[PDB]
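Peer 1: One structure follows; several queries about it will come next.
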Amino acid sequence: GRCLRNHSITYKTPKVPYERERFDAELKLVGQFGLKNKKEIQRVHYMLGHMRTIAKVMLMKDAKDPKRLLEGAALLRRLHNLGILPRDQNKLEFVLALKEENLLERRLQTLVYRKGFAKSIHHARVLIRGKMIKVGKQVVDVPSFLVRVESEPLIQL
Amino acid sequence: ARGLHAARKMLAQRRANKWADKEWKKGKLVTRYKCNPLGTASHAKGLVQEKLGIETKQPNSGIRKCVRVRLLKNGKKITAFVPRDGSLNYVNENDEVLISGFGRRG
Amino acid sequence: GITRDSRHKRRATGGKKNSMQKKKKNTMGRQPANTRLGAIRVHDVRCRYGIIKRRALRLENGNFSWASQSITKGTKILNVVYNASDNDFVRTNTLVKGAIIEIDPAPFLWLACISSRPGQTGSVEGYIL
Amino acid sequence: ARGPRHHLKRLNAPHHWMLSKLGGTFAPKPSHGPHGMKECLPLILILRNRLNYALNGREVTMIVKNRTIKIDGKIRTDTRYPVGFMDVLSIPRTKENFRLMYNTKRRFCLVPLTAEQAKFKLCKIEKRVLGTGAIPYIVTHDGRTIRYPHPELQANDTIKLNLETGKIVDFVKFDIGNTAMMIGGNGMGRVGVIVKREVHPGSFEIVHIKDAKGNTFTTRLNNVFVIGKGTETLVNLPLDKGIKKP
Amino acid sequence: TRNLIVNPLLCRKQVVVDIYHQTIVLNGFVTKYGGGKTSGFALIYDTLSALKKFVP
RNA sequence: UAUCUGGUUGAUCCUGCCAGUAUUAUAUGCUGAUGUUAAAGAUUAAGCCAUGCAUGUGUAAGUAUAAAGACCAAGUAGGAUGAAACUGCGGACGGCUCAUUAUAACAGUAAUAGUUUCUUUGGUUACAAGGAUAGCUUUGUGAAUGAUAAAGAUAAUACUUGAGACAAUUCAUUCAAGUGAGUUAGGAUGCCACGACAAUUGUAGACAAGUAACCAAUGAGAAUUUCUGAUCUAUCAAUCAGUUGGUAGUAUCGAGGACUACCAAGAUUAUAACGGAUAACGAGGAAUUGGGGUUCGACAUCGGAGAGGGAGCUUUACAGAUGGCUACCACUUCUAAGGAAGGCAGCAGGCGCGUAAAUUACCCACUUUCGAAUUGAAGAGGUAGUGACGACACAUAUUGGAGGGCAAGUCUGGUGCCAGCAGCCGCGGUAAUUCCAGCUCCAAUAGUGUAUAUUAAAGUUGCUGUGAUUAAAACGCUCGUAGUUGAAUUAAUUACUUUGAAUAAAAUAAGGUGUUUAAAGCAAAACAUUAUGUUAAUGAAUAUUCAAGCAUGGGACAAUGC
RNA sequence: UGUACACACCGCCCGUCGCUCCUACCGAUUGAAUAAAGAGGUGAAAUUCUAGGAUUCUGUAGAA
């Protein structure tokens with residue numbers, strides 16, 4: 001190693017470069033969310049895969065294991081504020097049943113749509129990128145803001 | 001030798017049998033620095049001293065143009081293909097040419 | 001200079017040792033100073049950490065002690081008559097620990113074996129057999 | 001290296017100083033004295049981070065050299081003086097008397113004290129030896145060689161010291177009915193009661209310490225530091241009262 | 001503003017000035033994105049001698 | 001994501017390989033809006049270097065009439081300040097590199113009852129003497145170095161004598177309490193060597209300051225040493241003679257064949273000794289991984305070694321120092337031709353080498369170190385410049401391809417087995433879906449191909465896990481040592497298993513925290529709408545971590561003799 | 001029924017000899033050299049011991 005500041009990769013490329021069954025499924029979401037390219041799909045897929053790996057590893061231990069109680073609640077707690085997982089589902093098994101639409105539907109470009117500020121999801125980018133939008137007390141212009149539950153009713157022009 | 005204490009033979013069997021690997025042995029024994037005209041280099045710089053036309057193999061007919069190139073490190077002579085169509089015209093003699101393998105690993 | 005490391009010796013299996021580093025002052029050795037018999041002469045060697053070793057080059061007198069009579073008296077050494085290690089020490093009358101030396105009992109009025117390190121402490125001290 | 005070192009790289013510094021990994025290349029090497037390298041907090045770190053009086057080392061030398069710090073009864077003017085265990089630290093200008101005790105997070109903590117309780121400080125005997133001329137003496141955990149001691153002050157007791165006078169006020173033996181604070185590894189910064197000390201002739205002496213809440217944890221005899229007698233503490237314990245939450 | 005620390009030894013006060021839009025030290029200021037609110041540290045040395053001597 | 005597809009045939013099922021694919025690190029082609037972060041002469045030559053800097057240091061407390069003190073300010077023992085010089089401290093840290101090195105070093109672990117300084121901390125122990133010396137003056141030489149000669153003086157916390165009155169070292173004898181364990185700390189007797197607490201300093205910040213030894217700390221430190229652990233090779237099977245042990249001595253800070261004298265014949269080896277290879281510095285760690293693993297680690301941090309090659313030494317507490325000296329070997333520089341210095345594997349920079357790698361910039365303000373000490377220095381460190389090595393967020397355009405593998409043209413011109421394309425099968429001999437073109441569209445996107453190498457694919461190196469009738473592959477057969485494996489049974493150690501103890505950080509997983517999110521960082525803020533308190537705020541228990549080592553609960557499965 | 005044939009026996013295919021190119025191996029021969037670790041001879045240099053004592057200090061005695 002040479003540098004002291006850490007760095008990381010936000011996404012991974014698919015193993016099979018050429019599939020028709022994947023080009024349509026990935027282009028279904030691009031139109032449904034106005035994403036710039038295929039990096040956003042991979043990043044969201046990469047994000048979910050990390051949580052699924054924690055629950056997958058943790059389901060192999062006993063319920064009275066000290067690490068299961070502490071780490072298990074930590075993952076469910078984190079998801080609850082983010083709002084990916086519904087509150088009434090409070091078991092690690094429901095983590096594995098999450099999909100890639102749960103994470104993408106909490107993005108800022110998605111949130112400003114369903115709240116009604118942006119007519120079209122392509123129109124949301126210009127408003128978001130133009131700093132027209134505000135989250136509580138801070139101006140935001142990154143369309144990838146994964147809003148939490150508390151900040152859901154705090155999205156205004 | 002599957003026994004519990006039989007890790008000495010289980011290890012000596014694998015050391016010997018790995019030398020039969022045609023590919024693993026190649027990158028370990030000392031000929032890459034002597035027999036290989038490139039060494040561990042990705043490319044190589046050389047000088048042109050002859051332009052060659054190689055007749056194709058049996059199921060083809062034609063003349064694949066080529067050159068004879070002497071490197072600067074080893075000093076050996078190697079026959080180098082000309083990449084694209086009509087690219088023999090742009091080649092000359094006593095000039096630097098970069099030489100980088102082919103699709104297959106040497 | 002003389003060295004005292006084990007990097008120059010063979011292994012317990014007889015295999016030669018392959019060097020890695022040059023000589024170092026920690027394992028420094030020094031020339032012997034065979035304290036012969038003669039006039040008084042010592043030299044102060046500046047050892048490691050600044051400490052000073054009295055290097056007796058030639059000596060004539062020593063403070064011999066008698067165990068039976070509980071008396072220690074200075075005396076002039078006469079002749080080195082026996083050395084348990086090297087008989088060539090007897091010929092040159094070199095004074096080392098354990099050398100059997102005969103002395104004149106002039107203050108004893110009131111055979112010896114040395115029991116000090118003249119090359120380290122700087123003087124001869126012994127006892128009477 | 002041909003001799004003793006002088007610099008200290010940031011990452012080689014003891015972990016319990018909590019120095020930012022991107023703060024800088026080097027860390028303040030604590031000069032020698034009473035407390036070891038890894039058992040002490042340098043006086044610069046006490047003021048720059050723990051108390052935030054000085055932002056950088058420019059303003060730390062402007063303070064310690066200004067005769068504005070009194071480590072124990074005496075006054076120290078070394079920027080990197082080794083400030084270790086419960087040795088008291090006092091600032092007359094701001095009128096505050098801290099103290100460096102441990103806590104459950106393996107960290108040195110500055111427990112506030114009053115003026116009266118800052119006049120004394122507990123020490124732990126390390127060894128007792130007979131000097132030349134039959135002048136016995138004892139050595140505390142602070143490296144202090146106290147003069148003619150009490151005859152019963154044995155190797156692993158705890159004594160009470162006075163800053164103004166320098167005498168020995170009270171002394172606590174090492175038995176199975178005393179309160180001890182921990183200066184060790186996993187058990188570091190924990191208060192408890194000595195209940196059992198099993199002896200192995202070979203290497204180490206192992207002491208079982210029972211916590212207030214009934215938790216039992218063992219340790220090495222070295223890390224034991226008697227703090228009182230009969231489930232009583234002679235000093236104000238830190239905020240967490242030496243208790244560990246699982 | 002924010003946290004204030006009283007420093008008698010350095011004869012100064014360390015206060016984190018929040019801007020909600022020869023005896024003082026104004027440094028360490030970083031705004032937010034696109035302007036607006038700005039934070040910083042305010043140091044007051046009262047005596048001019050302090051600024052005359054207590055400055056790197 | 002525990003994944004495969006094309007290619008042997010007229011066709012089918014196999015073994016089997018080639019090609020395809022994804023990822024990491026090096027170069028390179030084409031192209032390039034932003035903001036954050038960031039590697040960068042290691043591979044080839046530890047090859048050679050012009051030039052500039054990288055180590056100096058002064059407080060009231062060592063010596064100062066400098067003819068310096070009109071610049072504060074006066075001055076009769078010298079006013080506060082003081083260039084230079086002596087004296088003290090330092091350049092043994094830091095910084096660079098990876099040639100040497102195969103039980104050596106290194107990692108964990110244990111010992112030092114076998115050694116130990118420096119700095120720092122606690123403590124103990126004659127109202128004042130003597131010479132000479134620099135800066136200073138004067139006379140000089142040589143081309144010259146950080147060049148050196150005589151004479152005239154003048155100081156000490158430089159060099160000595162001397163008192164105010166013990167300690168520690170050697171030897172011989174003796175009495176003897178902590179510790180697992182000591183003829184041990186310690187005391188007593190007798191001579192020997194050494195023998196002090198400056199013959200010291202502020203008039204102002206009696207109180208500091210300073211000094212000489214000796215005990216204890218700093219020391220978990222340093223240095224030696226115990227146990228376990230390393231890649232390939234038998235076209236390396238026997239190796240060693242200070243070698244193995246003993247006694248006496250020598251030397252060392254100290255154990256010790258470390259060395260010397262005498263005596264004995266011993267020590268290692270199929271559990272791989274001895275030797276050979278390395279494009280070998282070791283570890284923390286990195287890449288990739290369902291599990292098991294494979295490859296890598298010069299390079300943040302720790303340990304080792306070196307300064308062109310050996311050798312030998314001085315100074316001091318520590319150097320076998322090389323930004324110290326001497327000689328030899330090999331180079332480079334100045335020259336008045338007589339002579340003289342130099343060691344960029346320090347920071348920039350140059351030549352060479354190669355596929356392959358940045359400014360002859362600014363500043364000690366952050367971190368820290370050095371110093372006579374708050375003030376000076378630091379090419380350490382920070383800032384700035386180059387920087388499609390990489391990583392993160394984010395505008396509105398290129399790269400490669402269009403038979404199959406593999407998403408994309410039964411579109412139009414020439415060529416006619418020629419040019420050519422083509423990783424593999426293959427396409428082209430006049431009607432080319434592949435050539436060179438034009439239009440159209442496929443994939444990725446500020447990125448996209450190529451070449452080489454590592455990992456997965458590879459159950460094509462098999463412990464989990466392969467194959468041996470016929471595809472490659474059971475010795476011609478028997479005996480046999482080492483090795484591996486060994487029936488049932490019982491109402492002192494080891495191995496096994498469970499808990500801990502102890503255990504550098506960074507890194508990995510991870511807890512919290514809205515850097516506009518993210519990479520990041522360990523910061524901050526819900527809040528007191530804030531000086532007040534939440535607040536003595538958070539610091540992940542951060543878990544680990546293999547092979548050894550310590551202790552403990554258990555005795556079924558195993559091992560060693562009685 | 002056998003097949004090594006599938007353009008299917010007008011199939012396929014072996015070996016010497018002849019042409020061009022390429023790679024490794026041996027090698028009378030000045031062949032043959034270069035760079036790396038031991039035995040004997042010569043052996044600079046600095047340290048240890050010994051002799052010396054130019055000079056200068058106390059006024060030849062002694063010290064350096």
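Here, A, B, ... name the chains of the structure tokens in the order displayed, residue numbers run from 1 inside each chain, and ligands are numbered from 1 in the same displayed order.
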Extract, using only C-alpha atoms (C1' of nucleotides), all DNA, RNA and protein residues at most 9 Å from residue B:85, discarding same-chain residues fewer than 3 positions from it, and format them as a PyMOL selection string.

Peer 2: (chain B and resi 82+88) or (chain F and resi 419-421+436)

Peer 1: Selected residues, C-alpha atoms (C1' of nucleotides), written as a PDB file, in the first residue's frame, please.

Peer 2:
```pdb
ATOM      1  CA  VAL B  82       2.269  -6.220 -40.431  1.00  0.00           C
ATOM      2  CA  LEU B  88       3.868  -2.747 -45.684  1.00  0.00           C
TER       3      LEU B  88
ATOM      4  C1'   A F 419      -5.399  -7.466 -51.558  1.00  0.00           C
ATOM      5  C1'   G F 420      -6.912  -8.542 -47.276  1.00  0.00           C
ATOM      6  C1'   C F 421     -10.068  -9.908 -42.524  1.00  0.00           C
ATOM      7  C1'   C F 436     -11.727  -1.969 -48.513  1.00  0.00           C
TER       8        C F 436
END
```

Peer 1: Excluding same-chain residues fewer than 6 positions from stretch 194-201 of chain F, what lies within 12 Å of it counting only C-alpha atoms (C1' of nucleotides), as a PyMOL selection string?

Peer 2: (chain C and resi 52+54) or (chain F and resi 60-63+124-126+128-130+156-157+160-170+208-214)

Peer 1: Could you work out which residues of chain E fall inside 12 Å of chain F? Count only C-alpha atoms (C1' of nucleotides), and format the result as number ranges by chain.

Peer 2: E: 1-6, 13-18, 30-35, 53-56

Peer 1: Please return, as a list in words, all residues of chain E that DSSP assigns to alpha helix (DSSP H) on the basis of the backbone.

Peer 2: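 DSSP on the backbone gives alpha helix (DSSP H) at residues 48, 49, 50, 51, 52 and 53 of chain E.
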
Peer 1: Keeping N, CA, C and O atoms, export the residues of the selection given above as a tab-separated table (two decimals), in the first residue's frame.

Peer 2:
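Done, and the output landed in result-v4.tsv:
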```tsv
chain	number	residue	atom	x	y	z
E	48	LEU	N	-4.05	44.17	23.37
E	48	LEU	CA	-3.28	44.23	22.13
E	48	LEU	C	-1.91	43.58	22.31
E	48	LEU	O	-1.32	43.12	21.33
E	49	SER	N	-1.39	43.55	23.54
E	49	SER	CA	-0.12	42.87	23.78
E	49	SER	C	-0.22	41.39	23.46
E	49	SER	O	0.73	40.79	22.96
E	50	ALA	N	-1.38	40.78	23.74
E	50	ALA	CA	-1.58	39.39	23.38
E	50	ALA	C	-1.44	39.19	21.88
E	50	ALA	O	-0.66	38.34	21.43
E	51	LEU	N	-2.16	39.98	21.09
E	51	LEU	CA	-1.99	39.93	19.64
E	51	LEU	C	-0.57	40.31	19.25
E	51	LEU	O	-0.07	39.87	18.20
E	52	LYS	N	0.10	41.12	20.07
E	52	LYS	CA	1.49	41.48	19.81
E	52	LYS	C	2.46	40.35	20.12
E	52	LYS	O	3.59	40.37	19.62
E	53	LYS	N	2.06	39.38	20.95
E	53	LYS	CA	2.99	38.32	21.33
E	53	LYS	C	2.42	36.92	21.11
E	53	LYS	O	3.17	36.00	20.76
```

Peer 1: Within 8 Å of chain A, which residues belong to chain F? Use only C-alpha atoms (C1' of nucleotides) and report them as a list in words.

Peer 2: residues 21, 22, 37, 38, 39, 286, 299, 300, 391, 393, 394, 406, 407, 516, 517, 519 and 520 of chain F

Peer 1: Could you list, as a ChimeraX atom specification, every residue of chain C that has an atom within 12 Å of an atom of chain D, counting only C-alpha atoms?

Peer 2: /C:24-26

Peer 1: Write out the residues from the selection above, keeping N, CA, C and O atoms, as a PDB file, in the first residue's frame.

Peer 2:
```pdb
ATOM      1  N   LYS C  24      30.518  -5.229  13.220  1.00  0.00           N
ATOM      2  CA  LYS C  24      29.844  -4.275  14.087  1.00  0.00           C
ATOM      3  C   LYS C  24      30.627  -4.115  15.379  1.00  0.00           C
ATOM      4  O   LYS C  24      31.322  -5.033  15.818  1.00  0.00           O
ATOM      5  N   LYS C  25      30.494  -2.937  15.990  1.00  0.00           N
ATOM      6  CA  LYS C  25      31.258  -2.615  17.186  1.00  0.00           C
ATOM      7  C   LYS C  25      30.737  -3.310  18.435  1.00  0.00           C
ATOM      8  O   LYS C  25      31.461  -3.376  19.431  1.00  0.00           O
ATOM      9  N   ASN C  26      29.504  -3.818  18.414  1.00  0.00           N
ATOM     10  CA  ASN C  26      28.964  -4.483  19.594  1.00  0.00           C
ATOM     11  C   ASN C  26      29.777  -5.716  19.951  1.00  0.00           C
ATOM     12  O   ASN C  26      30.068  -5.960  21.127  1.00  0.00           O
TER      13      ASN C  26
END
```

Peer 1: Return as JSON lines the residues of chain F lying at most 8 Å from chain D, together with the closest atom-to-atom pair for each and the distance in Å to one decimal, counting only C-alpha atoms (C1' of nucleotides), with rows in chain order and ascending residue number.

Peer 2:
```
{"residue": "F:92", "atom": "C1'", "partner": "D:2", "partner_atom": "CA", "distance": 5.1}
{"residue": "F:93", "atom": "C1'", "partner": "D:6", "partner_atom": "CA", "distance": 5.4}
{"residue": "F:94", "atom": "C1'", "partner": "D:7", "partner_atom": "CA", "distance": 7.6}
{"residue": "F:119", "atom": "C1'", "partner": "D:32", "partner_atom": "CA", "distance": 7.6}
{"residue": "F:120", "atom": "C1'", "partner": "D:32", "partner_atom": "CA", "distance": 4.7}
{"residue": "F:121", "atom": "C1'", "partner": "D:33", "partner_atom": "CA", "distance": 4.1}
{"residue": "F:122", "atom": "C1'", "partner": "D:144", "partner_atom": "CA", "distance": 4.4}
{"residue": "F:123", "atom": "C1'", "partner": "D:145", "partner_atom": "CA", "distance": 6.1}
{"residue": "F:180", "atom": "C1'", "partner": "D:201", "partner_atom": "CA", "distance": 4.5}
{"residue": "F:185", "atom": "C1'", "partner": "D:130", "partner_atom": "CA", "distance": 5.8}
{"residue": "F:186", "atom": "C1'", "partner": "D:134", "partner_atom": "CA", "distance": 6.0}
{"residue": "F:187", "atom": "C1'", "partner": "D:134", "partner_atom": "CA", "distance": 7.3}
{"residue": "F:215", "atom": "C1'", "partner": "D:131", "partner_atom": "CA", "distance": 7.8}
{"residue": "F:216", "atom": "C1'", "partner": "D:145", "partner_atom": "CA", "distance": 6.2}
{"residue": "F:217", "atom": "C1'", "partner": "D:143", "partner_atom": "CA", "distance": 4.4}
{"residue": "F:218", "atom": "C1'", "partner": "D:32", "partner_atom": "CA", "distance": 4.5}
{"residue": "F:222", "atom": "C1'", "partner": "D:4", "partner_atom": "CA", "distance": 7.5}
{"residue": "F:301", "atom": "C1'", "partner": "D:11", "partner_atom": "CA", "distance": 6.5}
{"residue": "F:318", "atom": "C1'", "partner": "D:3", "partner_atom": "CA", "distance": 4.9}
{"residue": "F:319", "atom": "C1'", "partner": "D:2", "partner_atom": "CA", "distance": 6.6}
{"residue": "F:366", "atom": "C1'", "partner": "D:24", "partner_atom": "CA", "distance": 7.7}
{"residue": "F:367", "atom": "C1'", "partner": "D:24", "partner_atom": "CA", "distance": 4.4}
{"residue": "F:368", "atom": "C1'", "partner": "D:26", "partner_atom": "CA", "distance": 5.3}
{"residue": "F:369", "atom": "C1'", "partner": "D:7", "partner_atom": "CA", "distance": 6.4}
{"residue": "F:374", "atom": "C1'", "partner": "D:62", "partner_atom": "CA", "distance": 5.3}
{"residue": "F:381", "atom": "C1'", "partner": "D:25", "partner_atom": "CA", "distance": 7.6}
{"residue": "F:500", "atom": "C1'", "partner": "D:218", "partner_atom": "CA", "distance": 7.9}
{"residue": "F:501", "atom": "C1'", "partner": "D:219", "partner_atom": "CA", "distance": 6.0}
{"residue": "F:502", "atom": "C1'", "partner": "D:185", "partner_atom": "CA", "distance": 7.6}
{"residue": "F:504", "atom": "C1'", "partner": "D:12", "partner_atom": "CA", "distance": 6.3}
{"residue": "F:505", "atom": "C1'", "partner": "D:11", "partner_atom": "CA", "distance": 4.8}
{"residue": "F:506", "atom": "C1'", "partner": "D:11", "partner_atom": "CA", "distance": 6.4}
{"residue": "F:522", "atom": "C1'", "partner": "D:20", "partner_atom": "CA", "distance": 7.2}
{"residue": "F:536", "atom": "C1'", "partner": "D:111", "partner_atom": "CA", "distance": 6.6}
{"residue": "F:539", "atom": "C1'", "partner": "D:18", "partner_atom": "CA", "distance": 6.3}
{"residue": "F:541", "atom": "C1'", "partner": "D:246", "partner_atom": "CA", "distance": 7.6}
{"residue": "F:550", "atom": "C1'", "partner": "D:203", "partner_atom": "CA", "distance": 7.7}
```

Peer 1: What is the distance, in Å and to one decimal place, between atom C1' of residue F:341 and atom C1' of residue F:147?

Peer 2: 12.5 Å

Peer 1: Kindly determine which residues of chain F lie within 10 Å of chain C, considering only C-alpha atoms (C1' of nucleotides), and give the answer as a ChimeraX atom specification.

Peer 2: /F:100-102,104-105,116-118,169-173,189-193,223,239-244,247-253,256-262,267-269,273-275,304-306,312-313,316-320

Peer 1: Using DSSP on the backbone coordinates, identify all residues within stretch 15-78 of chain C classified as strand (DSSP E or B); present the result as a tab-separated table (two decimals) with N, CA, C and O atoms, in the first residue's frame.

Peer 2:
```tsv
chain	number	residue	atom	x	y	z
C	28	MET	N	32.88	-6.27	19.35
C	28	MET	CA	34.29	-5.93	19.24
C	28	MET	C	35.13	-6.70	20.24
C	28	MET	O	34.75	-6.86	21.40
C	35	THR	N	50.27	-9.72	30.98
C	35	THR	CA	50.96	-8.98	32.03
C	35	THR	C	52.18	-9.78	32.47
C	35	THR	O	52.08	-10.70	33.28
C	36	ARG	N	53.34	-9.44	31.92
C	36	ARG	CA	54.57	-10.13	32.25
C	36	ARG	C	55.08	-9.61	33.60
C	36	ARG	O	54.41	-8.85	34.29
C	37	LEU	N	56.28	-10.04	33.98
C	37	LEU	CA	56.89	-9.63	35.24
C	37	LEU	C	57.92	-8.54	34.96
C	37	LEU	O	58.84	-8.73	34.16
C	41	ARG	N	53.45	-0.86	35.07
C	41	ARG	CA	52.95	-0.18	33.87
C	41	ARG	C	51.53	-0.66	33.61
C	41	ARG	O	51.31	-1.85	33.36
C	42	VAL	N	50.56	0.26	33.69
C	42	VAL	CA	49.18	-0.03	33.34
C	42	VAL	C	48.68	1.05	32.39
C	42	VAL	O	49.21	2.16	32.34
C	43	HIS	N	47.66	0.70	31.62
C	43	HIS	CA	47.05	1.63	30.67
C	43	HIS	C	45.54	1.62	30.84
C	43	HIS	O	44.93	0.57	31.04
C	44	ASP	N	44.95	2.81	30.77
C	44	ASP	CA	43.51	2.97	30.95
C	44	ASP	C	42.83	2.86	29.59
C	44	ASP	O	42.91	3.78	28.77
C	45	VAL	N	42.14	1.75	29.36
C	45	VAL	CA	41.41	1.54	28.12
C	45	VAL	C	39.99	2.07	28.29
C	45	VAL	O	39.32	1.77	29.29
C	46	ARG	N	39.54	2.87	27.33
C	46	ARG	CA	38.20	3.44	27.36
C	46	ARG	C	37.25	2.44	26.71
C	46	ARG	O	37.11	2.40	25.49
C	52	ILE	N	36.16	2.58	32.25
C	52	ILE	CA	37.61	2.54	32.12
C	52	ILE	C	38.12	1.24	32.70
C	52	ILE	O	37.82	0.90	33.85
C	53	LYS	N	38.90	0.51	31.91
C	53	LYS	CA	39.54	-0.73	32.34
C	53	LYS	C	41.03	-0.47	32.51
C	53	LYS	O	41.67	0.08	31.62
C	54	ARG	N	41.57	-0.87	33.66
C	54	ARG	CA	43.00	-0.74	33.90
C	54	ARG	C	43.69	-1.96	33.31
C	54	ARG	O	43.48	-3.09	33.76
C	55	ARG	N	44.51	-1.74	32.29
C	55	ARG	CA	45.17	-2.82	31.55
C	55	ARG	C	46.61	-2.93	32.03
C	55	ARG	O	47.49	-2.21	31.57
C	56	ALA	N	46.85	-3.86	32.96
C	56	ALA	CA	48.18	-4.04	33.52
C	56	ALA	C	49.10	-4.67	32.48
C	56	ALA	O	48.90	-5.81	32.08
C	57	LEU	N	50.11	-3.91	32.05
C	57	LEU	CA	51.05	-4.42	31.07
C	57	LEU	C	52.20	-5.19	31.71
C	57	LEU	O	52.59	-6.25	31.22
C	58	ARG	N	52.75	-4.67	32.81
C	58	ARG	CA	53.79	-5.36	33.56
C	58	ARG	C	53.64	-5.01	35.03
C	58	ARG	O	53.39	-3.86	35.37
C	59	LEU	N	53.81	-6.01	35.89
C	59	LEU	CA	53.63	-5.83	37.33
C	59	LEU	C	54.74	-6.55	38.07
C	59	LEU	O	55.39	-7.45	37.55
C	61	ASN	N	54.45	-6.35	42.04
C	61	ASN	CA	53.94	-6.53	43.38
C	61	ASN	C	52.46	-6.88	43.36
C	61	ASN	O	51.73	-6.51	42.43
C	62	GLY	N	52.02	-7.59	44.39
C	62	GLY	CA	50.62	-7.93	44.55
C	62	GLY	C	50.26	-8.07	46.01
C	62	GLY	O	51.11	-8.40	46.84
C	63	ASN	N	48.99	-7.81	46.32
C	63	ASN	CA	48.50	-7.87	47.69
C	63	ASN	C	48.00	-9.28	47.96
C	63	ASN	O	46.82	-9.59	47.77
C	64	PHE	N	48.90	-10.15	48.41
C	64	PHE	CA	48.55	-11.52	48.72
C	64	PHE	C	47.87	-11.61	50.08
C	64	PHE	O	48.13	-10.81	50.98
C	65	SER	N	46.99	-12.60	50.22
C	65	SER	CA	46.21	-12.79	51.42
C	65	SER	C	46.41	-14.21	51.94
C	65	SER	O	46.55	-15.15	51.16
C	66	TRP	N	46.43	-14.35	53.26
C	66	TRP	CA	46.52	-15.66	53.91
C	66	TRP	C	45.17	-15.98	54.53
C	66	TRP	O	44.67	-15.22	55.36
C	71	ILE	N	45.13	-12.53	57.23
C	71	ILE	CA	46.04	-11.41	57.01
C	71	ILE	C	46.33	-11.28	55.52
C	71	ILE	O	46.56	-12.28	54.83
C	72	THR	N	46.28	-10.05	55.02
C	72	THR	CA	46.62	-9.74	53.64
C	72	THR	C	47.78	-8.75	53.64
C	72	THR	O	47.67	-7.68	54.25
C	73	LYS	N	48.86	-9.10	52.96
C	73	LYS	CA	50.07	-8.29	52.98
C	73	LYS	C	50.63	-8.14	51.58
C	73	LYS	O	50.62	-9.08	50.79
C	74	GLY	N	51.13	-6.94	51.27
C	74	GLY	CA	51.80	-6.72	50.01
C	74	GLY	C	53.13	-7.45	49.96
C	74	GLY	O	53.81	-7.65	50.97
C	75	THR	N	53.51	-7.87	48.75
C	75	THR	CA	54.72	-8.66	48.57
C	75	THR	C	55.20	-8.46	47.14
C	75	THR	O	54.45	-8.04	46.26
C	76	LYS	N	56.47	-8.77	46.91
C	76	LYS	CA	57.07	-8.74	45.58
C	76	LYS	C	57.08	-10.14	45.00
C	76	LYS	O	57.59	-11.08	45.64
C	77	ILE	N	56.51	-10.30	43.82
C	77	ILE	CA	56.44	-11.60	43.17
C	77	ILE	C	57.81	-11.97	42.63
C	77	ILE	O	58.54	-11.11	42.12
C	78	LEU	N	58.17	-13.25	42.74
C	78	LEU	CA	59.50	-13.70	42.35
C	78	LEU	C	59.51	-14.34	40.96
C	78	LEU	O	60.23	-13.88	40.08
```

Peer 1: Within 10 Å of residue F:346, counting only C-alpha atoms (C1' of nucleotides), which residues qualify if same-chain residues fewer than 6 places away don't, as number ranges by chain?

Peer 2: F: 54, 95-96, 323, 379

Peer 1: Pull out every residue of chain G that has at least one atom within 9 Å of chain C, counting only C-alpha atoms (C1' of nucleotides), and report them as a list in words.

Peer 2: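 Only these qualify: residues 47, 48 and 49 of chain G.
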
Peer 1: Quick one: write out the picked residues with C-alpha atoms (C1' of nucleotides) as a PDB file, in the first residue's frame?

Peer 2:
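As written to disk, out_39.pdb reads:
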```pdb
ATOM      1  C1'   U G  47      44.941   0.058  15.659  1.00  0.00           C
ATOM      2  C1'   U G  48      48.038  -3.065  20.347  1.00  0.00           C
ATOM      3  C1'   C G  49      52.976  -3.458  22.474  1.00  0.00           C
TER       4        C G  49
END
```

Peer 1: What gap, in Å, lies between atom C1' of residue G:1 and atom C1' of residue F:12?

Peer 2: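 Separation between atom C1' of residue G:1 and atom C1' of residue F:12: 22.9 Å.
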
Peer 1: So how many Å separate atom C1' of residue F:108 and atom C1' of residue F:548, to one decimal?

Peer 2: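 Computed distance, atom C1' of residue F:108 to atom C1' of residue F:548, equals 7.6 Å.
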